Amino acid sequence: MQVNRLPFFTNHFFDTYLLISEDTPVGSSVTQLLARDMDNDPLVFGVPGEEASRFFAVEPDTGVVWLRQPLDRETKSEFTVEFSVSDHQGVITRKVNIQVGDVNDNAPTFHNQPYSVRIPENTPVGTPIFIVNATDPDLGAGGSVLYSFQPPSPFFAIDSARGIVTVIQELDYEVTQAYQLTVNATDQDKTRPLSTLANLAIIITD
């Protein structure tokens, strides 16, 4: 009589990691588990343990792993997931680190709103009067924010990197007492840049 031999996984990702982009649609396959058994036993695959099993499902006969609900890198950027394989006499499990890949899916959010500032009519050209700031949690160019006026103003400029707003032309109360400007903060993602608007009220005092 031959004692049962338990099955063993063969995927090489168990030795390194598995990368899944956060824009994988629900229902999509992310990999396939592979295993062997010296008895030639037919194998049933699974994902035990509650947290992993909320995001990942596995077709028990084929080992195809698939996505049960959306991943979100900004919410949770990695998982340690235990998969199981069974020859109907024993189960063995084995863990893999899953790294969630980023895509640019957030627009920047502004800090310290609302934005309003009173300045004198005689404020000299060149004077910094206000600082805008926005942050963006995506990685890389998707997280790096640029500021502008939409449209540009003949009287105020904003530094595209630092959000510093300056007067660039002499003001005149009798012509304009208040300016409502739209500030755009955009990330720098190549294919899908995202952006956000805030108002900036500038009140000219006599």
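All residue numbers refer to positions in the sequence shown, first residue = 1.
Going by the mean C-alpha B-factor recorded in the entry, which is higher: 84-92 or 99-107? So the stretch with the higher mean C-alpha B-factor is 84-92.
With respect to the recorded C-alpha B factors, which stretch has the higher mean value, 108-116 or 124-132? Higher mean C-alpha B-factor: 124-132.
From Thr166, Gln32, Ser144, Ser153, pick the one with the largest CA B-factor in the entry? The record points to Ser153.
C-alpha B-factor winner, where the candidates are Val44, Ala157, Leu139, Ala52: Of the candidates given, the C-alpha B-factor peaks at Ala52.
Where the record places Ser148 (Cα B-factor, split into thirds across the chain): Within its chain, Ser148 is a lowest-third residue by C-alpha B-factor, going by the deposited values.
Modelled-residue ranking by C-alpha temperature factor, third containing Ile204: Its C-alpha B-factor belongs to the highest third of this chain's values.
Looking at the C-alpha B-factor of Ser21, is it in the lowest, middle or highest third of its chain? For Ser21, the deposited C-alpha B-factor lands in the middle third.
For the chain shown, is the CA B-factor of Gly63 in the lowest, middle or highest third of its modelled residues? CA B-factor rank for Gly63: lowest third.
Third of chain Cα B-factors occupied by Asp15: Answer is highest: the recorded C-alpha B-factor places it there.
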